[PDB]
Amino acid sequence: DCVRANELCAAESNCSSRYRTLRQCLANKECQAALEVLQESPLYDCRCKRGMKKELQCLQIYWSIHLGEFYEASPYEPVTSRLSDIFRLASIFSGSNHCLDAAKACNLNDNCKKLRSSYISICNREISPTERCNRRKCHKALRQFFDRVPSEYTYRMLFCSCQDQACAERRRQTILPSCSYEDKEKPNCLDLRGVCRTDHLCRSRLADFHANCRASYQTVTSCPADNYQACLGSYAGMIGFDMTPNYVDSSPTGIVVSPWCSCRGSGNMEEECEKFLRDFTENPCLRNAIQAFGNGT
Amino acid sequence: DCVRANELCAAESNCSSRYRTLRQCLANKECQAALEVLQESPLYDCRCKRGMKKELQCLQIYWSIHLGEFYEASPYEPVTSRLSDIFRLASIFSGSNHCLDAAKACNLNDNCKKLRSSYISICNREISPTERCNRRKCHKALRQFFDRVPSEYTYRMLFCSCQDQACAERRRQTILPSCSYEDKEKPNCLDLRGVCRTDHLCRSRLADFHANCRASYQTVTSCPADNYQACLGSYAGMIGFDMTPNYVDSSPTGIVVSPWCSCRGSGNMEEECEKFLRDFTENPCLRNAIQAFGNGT
Amino acid sequence: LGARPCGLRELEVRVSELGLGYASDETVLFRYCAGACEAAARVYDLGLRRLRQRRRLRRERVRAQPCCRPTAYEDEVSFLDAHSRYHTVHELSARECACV
Amino acid sequence: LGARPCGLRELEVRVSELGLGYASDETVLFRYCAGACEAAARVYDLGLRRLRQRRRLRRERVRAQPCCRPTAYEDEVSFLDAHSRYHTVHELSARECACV
Amino acid sequence: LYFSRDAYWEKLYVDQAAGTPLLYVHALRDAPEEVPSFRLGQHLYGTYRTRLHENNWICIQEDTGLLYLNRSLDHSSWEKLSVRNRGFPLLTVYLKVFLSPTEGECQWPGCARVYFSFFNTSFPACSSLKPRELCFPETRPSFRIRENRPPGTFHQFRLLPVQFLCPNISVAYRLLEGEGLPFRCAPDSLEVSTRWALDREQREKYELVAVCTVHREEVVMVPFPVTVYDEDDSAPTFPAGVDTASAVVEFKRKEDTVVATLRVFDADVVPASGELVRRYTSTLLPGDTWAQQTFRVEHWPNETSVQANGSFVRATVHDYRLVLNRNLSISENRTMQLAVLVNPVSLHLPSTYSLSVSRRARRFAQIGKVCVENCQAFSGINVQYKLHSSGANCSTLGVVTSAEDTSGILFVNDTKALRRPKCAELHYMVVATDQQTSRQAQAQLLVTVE
Amino acid sequence: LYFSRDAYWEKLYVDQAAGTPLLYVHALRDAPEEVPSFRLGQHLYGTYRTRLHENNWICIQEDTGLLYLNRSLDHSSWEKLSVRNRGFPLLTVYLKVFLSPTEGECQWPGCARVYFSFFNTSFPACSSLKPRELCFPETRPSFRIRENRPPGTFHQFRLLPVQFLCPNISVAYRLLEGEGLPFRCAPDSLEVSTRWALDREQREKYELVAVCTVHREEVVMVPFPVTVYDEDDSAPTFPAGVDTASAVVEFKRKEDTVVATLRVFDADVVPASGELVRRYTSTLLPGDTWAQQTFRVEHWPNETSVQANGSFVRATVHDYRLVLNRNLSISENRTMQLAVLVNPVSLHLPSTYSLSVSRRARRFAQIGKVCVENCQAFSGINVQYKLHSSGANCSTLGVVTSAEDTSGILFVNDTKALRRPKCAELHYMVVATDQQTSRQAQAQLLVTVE
């Protein structure tokens with residue numbers, strides 16, 4: 001992993017001295033050299049995974065040797081799991097309010113049911129007459145939910161299909177929008193992305209998102225190697241951070257998702273704001289991946 | 001007490017040097033001087049008490065300053081209680097198988113009941129096919145039982161009156177003679193005194209017995225100042241030692257007690273051995289006391 | 001006998017079917033403590049039985065045999081009801097079972 | 001209701017009267033746990049009651065209310081029997097009382 | 001000068017002919033005398049700005065902005081670029097194109113990153129190409145245009161690798177639904193340009209239809225969106241006027257006091273959040289009395305709201321000039337004015353409540369309420385009405401406490417039900433203080449129990 | 001010389017006349033030439049040997065042993081003795097009386113402690129005295145006499161304070177039921193003496209009746225017990241003879257092996273435990289082979305039991321001379337002899353036990369026992385019979401363990417009930433070892449299950 005990959009060379013005078021050099025940033029000349037020397041280190045071009053032990057340090061260590069952009073790199077992405085992501089699609093192929101059945105499947109699973117209840121009881125907690133919940137603690141609650149609950153319950157519930165609006169709202173209600181997603185204001189998506197960029201886990205999992213969810217044209221489904229789950233996994237990873245996406249409405253099948261933001265006040269940057277926001281709502285990858293998965297593909 | 005009485009002068013060069021001198025025992029000249037000097041220390045003519053903290057040290061320290069036999073000193077005896085012991089008779093005066101009623105009184109008393117079980121459950125414990133019990137642990141349990149249980153349960157049960165042999169046997173069985181009193185052999189009472197004489201607690205309580213339970217002739221009841229309680233206390237203190245007295249038989253009223261020993265092989269000391277036994281069996285004090293106490297005196 | 005031992009049971013029941021007033025179509029694994037007590041009636045229980053049957057004790061709300069009752073419950077279960085709101089319920093599904 | 005609360009009662013009873021085969025005329029302070037349970041039925045019990053009344057549960061040794069049962073007994077009590085022998089008995093007098 | 005966009009693209013292939021013109025990079029003027037001097041960066045970059053190799057393949061015509069392969073880009077060169085791509089599949093590479101010598105961050109308007117895509121194969125047969133790939137760029141074009149800038153050529157529709165490698169295929173372009181707009185493309189033309197300087201009075205965005213014909217004939221059209229930027233010369237403002245009227249009530253404290261909001265809008269810094277956030281101004285002085293101690297101006301939300309969180313002071317009237325400009329003291333200002341006109345009932349009325357002996361109380365015996373007109377005077381911050389007594393020997397004590405709620409309520413515990421008949425007429429007195437002053441001096445309440 | 005007893009007594013009173021003869025202290029001879037030289041200790045002692053005061057009141061006639069008050073013992077003297085009595089009531093004081101100059105422990109036969117009692121009053125009126133207190137000592141007399149000692153006067157009955165203070169009251173003494181005994185008291189005599197040397201062939205104790213008449217006449221009598229001691233000249237021993245016969249079986253180990261007990265009794269050191277405990281002897285050599293390694297002699301209980309706790313050795317026969325004397329090599333000895341004649345069946349018999357398929361076992365399937373005549377050969381210390389097999393494919397393993405009990409039992413677990421039909425004839429082999437040698441070499445057991 002990235003943490004050990006640093007330790008493999010951190011004892012060396014080369015990595016030790018040049019690591020500190022980049023931390024400083026003439027210095028720019030030495031920092032450029034520090035990149036080239038560290039470029040050969042096991043840390044450089046390392047990879048982490050969602051739910052990793054010390055998932056934060058595996059990125060703080062790696063990012064600390066970045067020399068210093070709209071689409072960031074995805075070193076956090078468990079690249080090798082991309083195959084497993086395909087396998088998960090094979091699983092859901094085998095295994096009416098369908099989101100309810102997904103919820104019932106969780107309720108019968110001692111681990112999922114316990115984790116699911118253990119985090120809903122946080123996100124539904126009333127704080128004051130004019131404060132529905134502690135959204136930060138809810139985000140932390142959900143952030144653990146989507147790593148500790150098995151994929152065959154996490155993704156089945158998150159990307160469940162529906163036949164009516166009662167189910168479709170249940171789908172929207174999966175992570176309590178009234179706590180985790182909705183708020184009094186919708187900040188500018190560009191500023192919101194800028195805030196997310198400063199957090200290692202949010203920024204990197206955001207990188208994971210468009211790493212697998214970018215509205216690509218070369219592939220058939222706009223997903224890498226037409227991989228539905230690769231996007232869906234990286235997408236789910238974003239839930240529990242400032243950029244938490246959610247379903248827009250309760251359409252029985254018209255599945256549209258986006259974070260809790262808009263593009264008001266972008267002006268000269270309206271294109272860049274939409275350029276990223278479109279990846280949530282106008283993205284055939286998420287559209288096909290969520291529907292195909294929910295339909296058993 | 002005796003422990004502090006030594007400490008009050010042990011810091012002095014006089015008591016310190018002369019204390020060690022007597023431990024050594026020309027030496028006899030200095031040891032004789034040590035007795036005369038220490039004679040003025042607070043330790044001299046000190047007393048200990050039943051149930052005193054450090055009941056052993058309060059005697060070992062006192063005896064250590066004796067320069068170096070039927071009636072030995074009773075420094076352990078709670079001398080000041082002698083007056084109270086007389087008054088205790090008035091309390092005892094206030095408070096059918098009579099021994100059963102005594103037992104029932106204990107069974108209804110949570111403290112007595114528990115302490116009572118705490119020693120019977122030990123004294124009736126089988127050790128091996130040819131070992132009825134661990135008599136030492138039994139004696140330990142009995143030794144604590146008769147000091148921690150209120151007097152109105154210890155004496156009421158131990159010295160109850162009877163009308164028949166069924167009660168009288170209950171009386172004799174109070175301390176499970178088959179464990180605490182009876183044994184395969186009856187050693188020579190005098191040899192047992194020689195053994196007991198070496199233990200500070202046993203020897204002192206043995207002296208306590210021959211201090212308050214000697215078959216005296218000057219008084220009416222053969223008890224000091226005709227005080228039934230004086231003997232009752234010192235006698236009961238003997239339970240749990242090599243000289244543990246018990247009822248001889250199950251006579252409905254013919255109460256006779258003695259330790260578990262005889263005078264075989266005494267030779268030159270035959271009478272002296274008997275003289276020690278007479279205080280148990282031929283002593284109007286115990287006879288009148290136990291019968292009187294059984295009748296509510 | 002054919003009776004099953006005292007232990008944990010289970011039945012999948014919808015929240016609304018539980019009759020708790022919560023209008024929800026989610027199911028929970030409703031576990032509960034039930035069955036024959038393997039432990040013999042306590043010496044206490046034997047005295048209670050004999051003293052009760054012979055009318056030696058005051059007539060009272062007594063139990064003359066070990067009760068196959070739970071000793072612990074699951075932490076909680078949460079659900080989404082018909083009103084688009086979430087609710088958690090504690091002490092609903094047995095976690096430990098023993099005869100007392 | 002006139003029902004008394006769940007707690008410890010007592011009655012002085014002879015050992016042989018307990019029907020344990022111990023031929024002794026000594027008495028013991030037979031304490032026992034009895035009375036109305038203050039604790040309300042849990043949502044566990046409320047579900048059980050509804051699932052029991054509607055015959056949703058397997059017919060089994062179940063309890064639809066907390067049992068006013070002891071939680072602890074005295075260590076032991078000793079006695080001398082008709083044969084000049086001693087014996088100790090465990091768990092014959094309740095030391096603690098609570099509804100489970 | 002500024003580039004027509006911040007990023008370009010074109011399809012590259014294995015072993016393409018040396019010299020293959022790839023594309024044009026364009027830049028428009030701010031002043032007619034401005035002429036670009038195009039240049040490139042010295043290295044080709046790959047996935048997530050991976051520096052792959054010294055740019056020994058792609059060169060640029062400094063005048064026209066024409067990008068071409070000065071050297072044939074063979075397979076081995078691709079493999080060399082691939083292994084240096086930090087493990088990523090090498091699908092797109094790019095280079096930096098600048099307007100003048102600097103070397104510096106490729107930050108448009110001063111730069112553009114030309115993102116060339118690549119396929120592990122030779123150029124496809126021209127006869128297999130569709131009009132979409134023959135006419136228009138791989139991905140949809142996006143343009144960037146500024147206001148009050150001279151017009152000029154900003155793009156050429158015709159793809160150079162098609163003209164270079166497929167000159168046998170005839171392609172010509174034009175615009176549809178462009179009439180009345182500054183954008184023109186002559187019938188059967190290869191180029192597109194503007195005719196007049198853009199301003200905000202025309203549009204905030206364009207989306208035209210670009211169409212071509214190939215050859216047999218096939219017609220294809222794509223959207224022609226253009227990003228419009230905001231003129232930066234002055235702050236056109238404001239449609240809203242000034243209204244200094246307001247009022248403040250003494251001893252009417254709030255947790256968040258507001259005097260007035262004059263909503264504003266301008267054509268300069270409101271369109272984009274960054275334009276105001278990067279630089280903004282507000283009232284400077286007077287400060288000491290009001291602006292420093294209590295009240296502030298919220299200009300950044302385009303509200304011009306004056307509000308306060310701290311405590312109030314004596315009725316000192318004022319009228320402060322609010323600044324709404326972007327840059328104060330170095331540019332033309334836009335200002336407004338707001339005044340504060342600071343002006344507490346303190347009712348002393350003993351409410352004579354009636355009680356009863358042996359009251360059938362559930363837990364406590366309610367006497368009454370202390371809610372008076374002050375409830376709005378102090379705006380919910382209660383002045384702590386306290387009811388006390390020492391004369392009566394009945395109802396000695398209860399729960400007659402200084403409730404903090406707006407209304408306030410007084411009651412006693414149901415513990416004196418059999419003591420109230422001791423005396424019928426019970427005499428109480430109520431006082432209340434707040435804000436370091438006596439609000440309710442005293443009132444003597446006559447409360448009976450019989 | 002030795003005193004007639006180790007402790008004397010008489011009643012003292014306040015302000016008694018100086019010179020009042022109190023009592024006699026007597027001592028008898030071991031040789032006729034011995035004459036005592038009586039003396040006293042320099043201090044009077046009180047409760048628990050409390051040293052009260054320099055003995056300036058009581059003196060002794062060195063020839064007759066007469067104790068008298070050389071100075072009048074007044075009240076103040078009693079009070080001085082009282083306050084020095086360590087808080088105890090001063091009821092009895094005593095002084096040490098010795099046979100010769102030494103100073104030394106008052107240890108009888110070489111000393112006696114004369115315990116004088118005291119009343120806080122003057123001497124009572126003689127007319128109020130009863131014959132009991134006029135004739136005989138306050139407490140019952142006890143005498144101490146030794147064997148093979150010349151006779152002589154050992155006591156005078158008449159109480160000296162009665163003759164001194166009550167000479168008007170006539171008292172005379174005699175013995176009843178003394179005929180045939182060494183004790184005599186002439187009719188109407190004041191003294192008592194022996195006539196012949198005592199030995200053990202006469203008595204081990206005496207209890208005569210002493211009687212007096214006073215004046216009007218009254219007769220009173222008291223018991224006259226005398227403690228007899230044992231002659232110390234040699235050991236009359238033994239009524240038991242010697243029997244060297246015995247037998248030991250090889251490989252018959254016990255935790256406590258016994259060869260023989262020859263119970264002994266003598267008239268010298270058996271009467272008292274101390275006589276033998278203080279000094280005793282037993283077999284000295286041979287030692288190395290048997291007496292040092294295994295066996296010892298129990299002479300102190302008067303059993304002469306030879307027994308062992310350790311391991312056995314090869315059949316080495318011997319006959320050791322046991323010593324039963326008190327003091328060996330300085331006095332006449334008494335000895336006996338015991339021999340040891342040391343001589344294990346080791347049965348090899350395969351018991352062919354019958355089993356059944358589908359045995360209705362409760363928990364385990366019992367095969368049989370390994371009990372044998374060897375059970376008595378090794379006296380309950382089992383040689384660890386182990387039954388094993390490797391040929392049969394049925395009943396692979398069980399609980400066929402080397403039971404430590406005398407008999408030994410073998411069985412298997414009820415786990416092969418449906419495997420036993422696999423084969424009918426199961427072949428087992430049993431071996432056993434102990435005492436660092438092979439006891440049961442091998443036997444092959446044929447056990448069937450069908």
# chains A, B, ... in the order shown; residues from 1 in each chain; ligands from 1
$ closest_atom_pairs --of "chain A" --to "chain E" --cutoff "10 Å" --atoms "only C-alpha atoms" --output "Markdown table"
| residue | atom | partner | partner_atom | distance |
| --- | --- | --- | --- | --- |
| A:39 | CA | E:86 | CA | 9.3 |
| A:44 | CA | E:86 | CA | 8.9 |
| A:45 | CA | E:86 | CA | 6.4 |
| A:46 | CA | E:86 | CA | 9.9 |
| A:69 | CA | E:48 | CA | 7.2 |
| A:70 | CA | E:48 | CA | 9.2 |
| A:71 | CA | E:48 | CA | 7.3 |
| A:72 | CA | E:48 | CA | 6.6 |
| A:73 | CA | E:48 | CA | 6.1 |
| A:74 | CA | E:48 | CA | 9.5 |
| A:188 | CA | E:273 | CA | 8.9 |
| A:191 | CA | E:273 | CA | 9.5 |
| A:217 | CA | E:139 | CA | 8.5 |
| A:263 | CA | E:272 | CA | 9.6 |
| A:264 | CA | E:272 | CA | 7.9 |
| A:265 | CA | E:273 | CA | 4.3 |
| A:266 | CA | E:272 | CA | 4.5 |
| A:267 | CA | E:272 | CA | 3.3 |
| A:268 | CA | E:229 | CA | 5.4 |
| A:269 | CA | E:272 | CA | 7.4 |
| A:270 | CA | E:272 | CA | 8.2 |
| A:271 | CA | E:227 | CA | 7.3 |
$ write_last_selection --atoms "C-alpha atoms" --output "PDB file, in the first residue's frame"
ATOM      1  CA  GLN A  39       9.478   9.261  -8.977  1.00  0.00           C
ATOM      2  CA  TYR A  44       5.365   7.117  -6.234  1.00  0.00           C
ATOM      3  CA  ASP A  45       2.549   5.630  -8.337  1.00  0.00           C
ATOM      4  CA  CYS A  46       1.315   3.648  -5.335  1.00  0.00           C
ATOM      5  CA  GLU A  69      -5.853  19.874 -12.405  1.00  0.00           C
ATOM      6  CA  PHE A  70      -9.594  19.922 -13.151  1.00  0.00           C
ATOM      7  CA  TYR A  71      -9.614  16.104 -13.118  1.00  0.00           C
ATOM      8  CA  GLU A  72      -7.337  14.792 -10.360  1.00  0.00           C
ATOM      9  CA  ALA A  73      -5.536  11.454 -10.227  1.00  0.00           C
ATOM     10  CA  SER A  74      -7.122   8.457  -8.500  1.00  0.00           C
ATOM     11  CA  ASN A 188     -21.856  26.759  -5.882  1.00  0.00           C
ATOM     12  CA  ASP A 191     -16.644  26.289  -4.759  1.00  0.00           C
ATOM     13  CA  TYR A 217     -17.331   8.692 -25.558  1.00  0.00           C
ATOM     14  CA  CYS A 263     -23.842  27.030 -10.483  1.00  0.00           C
ATOM     15  CA  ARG A 264     -25.235  30.363  -9.263  1.00  0.00           C
ATOM     16  CA  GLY A 265     -22.484  32.971  -9.110  1.00  0.00           C
ATOM     17  CA  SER A 266     -20.029  31.168 -11.409  1.00  0.00           C
ATOM     18  CA  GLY A 267     -19.944  33.866 -14.106  1.00  0.00           C
ATOM     19  CA  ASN A 268     -16.735  33.398 -16.083  1.00  0.00           C
ATOM     20  CA  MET A 269     -16.519  29.847 -14.638  1.00  0.00           C
ATOM     21  CA  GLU A 270     -20.080  28.669 -15.525  1.00  0.00           C
ATOM     22  CA  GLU A 271     -18.650  26.186 -18.040  1.00  0.00           C
TER      23      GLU A 271
END
$ calpha_fit_and_write --fixed "chain C" --moving "chain D" --output "short mmCIF file (atom, residue, chain, number, x, y, z; two decimals) with C-alpha atoms, in the first residue's frame"
data_model
loop_
_atom_site.label_atom_id
_atom_site.label_comp_id
_atom_site.auth_asym_id
_atom_site.auth_seq_id
_atom_site.Cartn_x
_atom_site.Cartn_y
_atom_site.Cartn_z
CA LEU D 1 -40.42 -35.32 25.90
CA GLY D 2 -40.77 -33.77 22.45
CA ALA D 3 -40.28 -30.31 23.96
CA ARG D 4 -37.38 -28.49 22.34
CA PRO D 5 -34.60 -26.91 24.44
CA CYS D 6 -34.66 -23.32 25.65
CA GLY D 7 -33.01 -21.13 23.02
CA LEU D 8 -33.40 -18.45 20.37
CA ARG D 9 -35.89 -18.80 17.50
CA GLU D 10 -36.50 -16.37 14.64
CA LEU D 11 -39.27 -15.18 12.33
CA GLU D 12 -39.14 -12.47 9.66
CA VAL D 13 -42.03 -10.08 10.39
CA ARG D 14 -43.00 -6.69 8.97
CA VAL D 15 -42.72 -3.69 11.29
CA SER D 16 -46.41 -2.75 11.05
CA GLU D 17 -47.35 -6.38 11.74
CA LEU D 18 -45.89 -6.03 15.26
CA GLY D 19 -48.86 -3.85 16.25
CA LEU D 20 -46.65 -1.02 17.55
CA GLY D 21 -48.36 1.75 15.55
CA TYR D 22 -45.38 2.16 13.18
CA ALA D 23 -46.79 2.18 9.63
CA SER D 24 -43.84 0.54 7.88
CA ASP D 25 -43.64 -2.38 5.44
CA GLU D 26 -40.02 -3.22 6.30
CA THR D 27 -39.29 -6.59 7.91
CA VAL D 28 -37.16 -7.38 10.95
CA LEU D 29 -35.60 -10.63 12.16
CA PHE D 30 -37.77 -11.15 15.23
CA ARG D 31 -35.75 -13.47 17.47
CA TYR D 32 -37.18 -14.80 20.71
CA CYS D 33 -36.30 -17.00 23.69
CA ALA D 34 -38.36 -20.17 24.04
CA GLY D 35 -38.23 -23.85 24.89
CA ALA D 36 -37.82 -26.35 27.69
CA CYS D 37 -35.50 -25.33 30.51
CA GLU D 38 -32.61 -27.75 30.98
CA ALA D 39 -31.86 -26.48 34.48
CA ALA D 40 -33.47 -28.51 37.24
CA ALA D 41 -35.68 -26.80 39.80
CA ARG D 42 -33.54 -25.43 42.61
CA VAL D 43 -34.19 -26.42 46.22
CA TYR D 44 -35.53 -22.88 46.30
CA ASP D 45 -38.09 -23.84 43.65
CA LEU D 46 -38.66 -27.27 45.19
CA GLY D 47 -39.48 -25.64 48.53
CA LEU D 48 -41.61 -23.02 46.78
CA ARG D 49 -43.52 -25.75 44.93
CA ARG D 50 -44.23 -27.65 48.16
CA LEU D 51 -45.08 -24.45 50.03
CA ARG D 52 -47.26 -23.29 47.11
CA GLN D 53 -49.12 -26.58 46.62
CA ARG D 54 -49.90 -26.77 50.35
CA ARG D 55 -50.98 -23.08 50.37
CA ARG D 56 -48.23 -22.06 52.80
CA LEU D 57 -47.33 -19.00 50.68
CA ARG D 58 -49.36 -15.84 50.19
CA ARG D 59 -51.36 -15.94 46.97
CA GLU D 60 -49.08 -13.88 44.75
CA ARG D 61 -47.55 -13.53 41.30
CA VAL D 62 -45.11 -16.43 41.75
CA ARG D 63 -43.36 -18.81 39.35
CA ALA D 64 -42.81 -22.47 40.22
CA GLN D 65 -40.25 -23.16 37.48
CA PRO D 66 -37.46 -21.33 35.61
CA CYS D 67 -38.84 -19.08 32.87
CA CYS D 68 -37.26 -19.47 29.42
CA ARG D 69 -36.76 -15.72 29.03
CA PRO D 70 -34.28 -13.57 27.08
CA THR D 71 -31.25 -12.09 28.82
CA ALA D 72 -30.30 -9.54 26.13
CA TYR D 73 -31.73 -7.73 23.10
CA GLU D 74 -30.31 -6.21 19.96
CA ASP D 75 -29.18 -2.60 20.33
CA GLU D 76 -31.79 -1.27 17.89
CA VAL D 77 -33.28 -1.57 14.41
CA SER D 78 -34.04 1.38 12.12
CA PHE D 79 -36.66 1.66 9.41
CA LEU D 80 -38.30 4.06 6.96
CA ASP D 81 -42.06 4.31 7.49
CA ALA D 82 -44.97 5.14 5.19
CA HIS D 83 -44.48 8.88 5.91
CA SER D 84 -40.85 9.14 4.67
CA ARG D 85 -39.55 9.20 8.27
CA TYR D 86 -37.01 7.08 10.13
CA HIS D 87 -37.40 5.47 13.54
CA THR D 88 -35.35 3.12 15.72
CA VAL D 89 -36.86 0.48 18.01
CA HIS D 90 -35.14 -1.03 21.05
CA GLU D 91 -35.61 -4.46 22.61
CA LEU D 92 -37.65 -6.09 19.80
CA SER D 93 -35.47 -9.12 18.96
CA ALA D 94 -33.87 -11.36 21.58
CA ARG D 95 -30.07 -11.53 21.45
CA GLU D 96 -29.52 -13.93 24.37
CA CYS D 97 -31.73 -16.70 25.79
CA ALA D 98 -31.64 -18.42 29.18
CA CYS D 99 -33.95 -19.87 31.82
CA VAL D 100 -34.22 -17.91 35.08
#
$ atom_distance --atom1 "CA of residue 62 (chain B)" --atom2 "CA of residue 2 (chain B)"
6.3 Å
$ residues_around --residues "residue 73 (chain F)" --least-positions-apart "5" --cutoff "12 Å" --atoms "only C-alpha atoms" --output "compact mmCIF listing (two decimals) with N, CA and C atoms, in the first residue's frame"
# COMPACT_ATOMS: atom_id res chain seq x y z
N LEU F 12 -1.45 -16.87 106.68
CA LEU F 12 -0.91 -15.72 107.38
C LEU F 12 -1.99 -14.66 107.54
N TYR F 13 -1.82 -13.81 108.55
CA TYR F 13 -2.81 -12.81 108.93
C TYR F 13 -2.11 -11.50 109.26
N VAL F 14 -2.91 -10.45 109.44
CA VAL F 14 -2.38 -9.12 109.74
C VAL F 14 -1.86 -9.09 111.17
N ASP F 15 -0.66 -8.52 111.35
CA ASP F 15 -0.10 -8.22 112.67
C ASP F 15 -0.01 -9.47 113.55
N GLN F 16 0.51 -10.55 112.98
CA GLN F 16 0.77 -11.75 113.76
C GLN F 16 2.00 -11.57 114.63
N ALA F 17 2.01 -12.27 115.76
CA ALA F 17 3.11 -12.15 116.71
C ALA F 17 4.42 -12.53 116.04
N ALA F 18 5.47 -11.76 116.32
CA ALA F 18 6.80 -12.09 115.82
C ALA F 18 7.25 -13.45 116.34
N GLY F 19 7.91 -14.22 115.48
CA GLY F 19 8.42 -15.52 115.84
C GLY F 19 7.47 -16.68 115.58
N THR F 20 6.22 -16.40 115.20
CA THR F 20 5.18 -17.40 115.00
C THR F 20 5.69 -18.55 114.13
N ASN F 55 13.18 -10.70 101.76
CA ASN F 55 12.60 -11.60 102.76
C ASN F 55 13.18 -11.25 104.13
N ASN F 56 12.59 -10.24 104.77
CA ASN F 56 12.96 -9.81 106.11
C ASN F 56 11.96 -10.25 107.17
N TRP F 57 11.04 -11.15 106.83
CA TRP F 57 10.02 -11.65 107.76
C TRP F 57 10.15 -13.13 108.06
N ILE F 58 10.45 -13.95 107.06
CA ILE F 58 10.39 -15.40 107.18
C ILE F 58 11.82 -15.94 107.22
N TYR F 68 9.30 -19.83 110.19
CA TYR F 68 8.69 -18.95 111.18
C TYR F 68 8.86 -17.51 110.74
N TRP F 78 2.03 -5.80 104.53
CA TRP F 78 1.14 -6.38 103.52
C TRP F 78 0.84 -5.38 102.41
N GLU F 79 0.55 -4.13 102.77
CA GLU F 79 0.25 -3.13 101.75
C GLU F 79 1.46 -2.89 100.85
N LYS F 80 2.66 -2.87 101.43
CA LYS F 80 3.87 -2.74 100.62
C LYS F 80 4.01 -3.92 99.66
N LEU F 81 3.75 -5.13 100.15
CA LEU F 81 3.75 -6.31 99.28
C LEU F 81 2.62 -6.25 98.26
N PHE F 118 -2.80 -15.30 102.71
CA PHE F 118 -2.95 -14.15 103.58
C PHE F 118 -4.34 -13.54 103.52
N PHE F 119 -4.84 -13.13 104.69
CA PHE F 119 -6.15 -12.51 104.85
C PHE F 119 -5.95 -11.12 105.44
N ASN F 120 -6.70 -10.14 104.93
CA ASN F 120 -6.59 -8.76 105.41
C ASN F 120 -7.31 -8.60 106.75
N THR F 121 -6.86 -9.38 107.73
CA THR F 121 -7.46 -9.38 109.06
C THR F 121 -6.50 -10.03 110.04
N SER F 122 -6.78 -9.84 111.33
CA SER F 122 -6.00 -10.45 112.39
C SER F 122 -6.36 -11.93 112.52
N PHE F 123 -5.59 -12.65 113.33
CA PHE F 123 -5.83 -14.07 113.50
C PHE F 123 -7.22 -14.30 114.08
$ select_by_dssp --residues "region 6-47 of chain C" --states "strand (DSSP E or B)" --output "number ranges by chain"
C: 7-14, 27-34, 36
$ select_by_dssp --residues "chain D" --states "helix (DSSP H, G or I)" --output "list in words"
residues 16, 17, 18, 43, 44, 45, 46, 47, 48, 49, 50, 51, 52 and 53 of chain D
$ calpha_fit_rmsd --fixed "chain B" --moving "chain A"
0.8 Å
$ atom_distance --atom1 "CA of residue 159 (chain F)" --atom2 "CA of residue 217 (chain F)"
18.1 Å
